[PDB]
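What you see below is based on every heavy atom in this structure, not just the backbone, and it leaves out hydrogens, waters and symmetry mates. First the proteins, then the strands, lettered A, B, ... as listed; each starts at 1.
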Amino acid sequence: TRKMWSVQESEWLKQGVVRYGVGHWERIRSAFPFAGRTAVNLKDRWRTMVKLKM
DNA sequence: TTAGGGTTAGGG
DNA sequence: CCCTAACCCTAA
């Protein structure tokens, strides 16, 4: 069953993009305790986030 | 391993 | 429901 991204999970992705740049999905995943999220999930979530503008 | 188009299932 | 966010597919 798919799982909605929490606000904490979302905030981790913003700080990861700030600290390491966009496209560095596997580097951002190792910098935060992402449980059950792959680097592709992070890439998809970011595209989702820029559409909703977050 | 990531980018970008495509797929799907669950929540608004 | 059914739209869209969370998924998948794959070239390079």
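Nucleotides of DNA chain B nearest to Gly23(A) and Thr1(A) differ in position, and the one nearer the 5' end is that of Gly23(A).
The aromatic rings of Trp25(A) and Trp46(A) sit tilted relative to each other, their planes meeting at an angle between 30° and 60°.
Look at CD on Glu9(A): it is 16 Å from P on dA5(C), rounded to the nearest Å. Atom CH2 of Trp5(A) and atom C1' of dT4(C) are 17 Å apart (whole Å). Note: CZ (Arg47(A)) to P (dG6(B)) measures 11 Å, nearest angstrom. Atom CG in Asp44(A) sits roughly 17 Å away from atom P in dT4(C) (whole-Å rounding). Atom CE of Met49(A) and atom P of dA6(C) are 10 Å apart (whole Å). Remark: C1' of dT2(B) and CD of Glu26(A) are 10 Å apart, rounded to the nearest angstrom. Whole-Å rounding puts the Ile28(A) CD1 to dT1(B) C1' distance at 13 Å. Atom pair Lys51(A):NZ and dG5(B):P shows a separation of 16 Å (rounding to whole Å applied).
Nucleotide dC7(C) shows a positive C1'-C2'-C3'-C4' value and thus a north, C3'-endo-like sugar.
Listed pair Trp46(A) / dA3(B) fails the phosphate criterion, with no side-chain N or O lying under 4.0 Å from OP1 or OP2. Residue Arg45(A) places at least one side-chain N or O under 4.0 Å from the OP1 or OP2 atom of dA6(C). For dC7(C), one of the phosphate oxygens OP1 or OP2 lies less than 4.0 angstrom from a side-chain nitrogen or oxygen of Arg37(A).
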| query | Should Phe32(A) and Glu11(A) be marked as a side-chain contact (heavy atoms from CB on, under 4.5 Å) after you check the CA-CA gap, both sets of side-chain angles, and the distance that decides it? | reply | CA-CA 10 Å; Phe32(A) 301 86; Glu11(A) 181 76 30; over 6 Å; no
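Distance check, rounded to the nearest 0.5 Å: OG1 of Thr48(A) to NZ of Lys43(A) gives 9.0 Å.
Considering only side-chain atoms of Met4(A), the nucleotide from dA5(C), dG4(B), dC7(C) that sits closest is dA5(C).
If you run salt bridge (charged side-chain N to carboxylate O under 4.0 Å, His left out) between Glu9(A) and each of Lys3(A), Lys14(A), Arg29(A), only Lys3(A) comes through.
Within the cation-pi definition used here (under 6.0 Å to the ring centroid, within 45° of the axis), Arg37(A) qualifies as a partner of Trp5(A).
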